[PDB]
Structures are given as C-alpha cells and as structure tokens.
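# A structural walkthrough
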Amino acid sequence: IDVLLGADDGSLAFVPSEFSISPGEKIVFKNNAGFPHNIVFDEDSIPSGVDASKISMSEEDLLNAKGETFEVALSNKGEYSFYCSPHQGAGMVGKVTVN
Ligand SMILES: [Cu+]
C-alpha cells in the first residue's frame, strides 16, 4: 500500500491514514507535501512484543524532500498507531491494522 505524507492540498495528513494490510505487506510512505515528515510507530500502541525501532524512523530522522520514501513491512497481527513527529499535534497521525 502507498501512503502520501501530506495531502495534495498541503494538509498535514497521511493519505490514507487508517488502513488494513496483510502480514508481510509493504507500506511505502512517500513525501508529498508539507515536509519535512517522518513516520514513528507508537511503542505503547503497537502489537506486544513488536520492536518499534525495526518498523519506525527515529523521531530525529526526517524525509525532507519531495518523493523520498520510507518503506516498512509489518508481520505481527494487530493494530499499529503511528505519527509524524513534527506534525503530530496538527493531527498527522494514523493507524494500520495487520489482519
Ligand atoms: Cu508529517
């Protein structure tokens, strides 16, 4: 699944922001508008036992040019909440369910 970082009207949103995937499916997060952006999984809001660091950018890491990507595959089933650290309070958050 492809996810835009920033909407095409400049909105600080993941597009889509809520979605479901299967195990091992890749998510390609693509810098689109309003960057810098990153993608950080919430360590307290992912499936027990998952290492947030294996699936996240650090908070200090950034994608800061248009078209740059962050790719991640998820395997463990369950709900994963994530956010863009510099834009979180603006509402740039999401949740992916692996089912
Ligand atoms: Cu962002």
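Numbers on residues come from counting from 1 along each chain's written sequence, not from the entry itself, and any residue without coordinates is not displayed. As a rule here, side-chain values cover all heavy atoms of the structure and leave hydrogens and water aside.

This next bit is on the overall build of the chain. The helix and strand tally for the chain stands at one helix and eight strands. Strands here mean DSSP runs of E at least two residues long; helices mean DSSP runs of H or I at least four residues long; both are numbered from the N terminus. Traced from its N-terminal end to its C-terminal end, the chain shows the element sequence β-β-β-β-β-α-β-β-β. With C-alpha atoms as the basis for the radius of gyration, the globule rule is written as 2.2 Å multiplied by the number of residues raised to the power 0.38. Against the compact-globule benchmark of 13 Å for 99 residues, the chain has a radius of gyration of 12 Å, which places it among compact chains. Seen through its principal axes, the chain has C-alpha atoms that stretch 35 × 25 × 20 Å. Residues classed as buried in the chain amount to 39% of the 99 residues present. Total accessible area on the chain is roughly 5100 Å²; 45% of this is exposed by carbon and sulfur atoms. Neither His nor the chain termini are counted; the positive set is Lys and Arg, and the negative set is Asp and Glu. To locate a charge, take atom NZ for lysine, CZ for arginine, CG for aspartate or CD for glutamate. Distance from the positive charge centre (6 side chains) to the negative charge centre (15 side chains) of the chain: 8 Å. Residue burial is assigned from relative accessible area. The probe radius is 1.4 Å, only protein chains are included, and a residue is buried under 20% of its type maximum, exposed over 50%, and partly exposed in between. Residue exposure ignores everything except the shown protein chains as possible cover, and the areas themselves are Shrake-Rupley values with a 1.4 Å probe.

The next point concerns the side chain of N31. Mapped onto the secondary structure, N31 falls in strand β4 (residues 26–31). Residue class for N31 comes out buried when judged on its relative accessible area of 1%. Polar contact is defined as a pair of N or O atoms within 3.5 Å, subject to the rule that within protein one atom must be able to donate a hydrogen and the other to accept it, and that residues adjacent in sequence are counted only when both atoms are side-chain atoms. A polar contact of 3.0 Å, which involves the side chain of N31, links it to the backbone oxygen of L63. Beyond its immediate chain neighbours, meaning those up to four positions away, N31 contacts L5, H37, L63, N64, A65, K66, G67 and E68. Contacts are assigned to residue pairs with any non-hydrogen atoms lying within 4.5 Å of each other.

The next thing to look at is the nonpolar core. Think of a nonpolar core as a cluster: buried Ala, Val, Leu, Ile, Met, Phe, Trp, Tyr and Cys residues, connected wherever their side-chain atoms sit within 4.5 Å. Counting 24 residues, the largest nonpolar core has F29, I39 and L74 as its most contacted members. Every element with two or more residues in this core is listed here: β1 (2–5), β3 (18–21), β4, α1 (52–55), β6 (69–73), β7 (78–83) and β8 (93–98).

Moving on to the coordination of the copper ion. Think of it this way: four donors in a tetrahedron around the metal ideally sit 109.5 degrees apart, and six in an octahedron ideally sit 90 or 180 degrees apart. Counted as donors are N, O and S atoms no farther than 2.8 Å from the metal, or 3.2 Å for Na, K and Ca; water is not among the atoms, and sites may therefore look incomplete. All of the protein donors around the copper ion are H37 (ND1), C84 (SG) and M92 (SD); their distances to the metal are 1.9 to 2.4 Å. Read from N- to C-terminus, the donor residues coordinating the copper ion fall into the pattern H-x46-C-x7-M. The burial state of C84 is the same as that of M92; both residues are buried.

For the rest of this paragraph, the subject is the UniProt feature "binding site: Cu cation" in the chain. UniProt positions are given in the numbering used here, feature names are shortened, and annotations may be inferred rather than shown by experiment. Listed under "binding site: Cu cation" in the UniProt record, and renumbered for this structure, are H37, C84, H87 and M92. In summary, the annotated positions, though distributed over 56 residues, converge in three dimensions, the widest C-alpha pair being only 9.4 Å. Among the structural elements, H37 can be located in the loop between β4 and β5 (40–41). In this view, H37 contacts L5, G6, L12, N31, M57, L62, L63, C84, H87 and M92; residues no more than four positions away in its chain are not counted.

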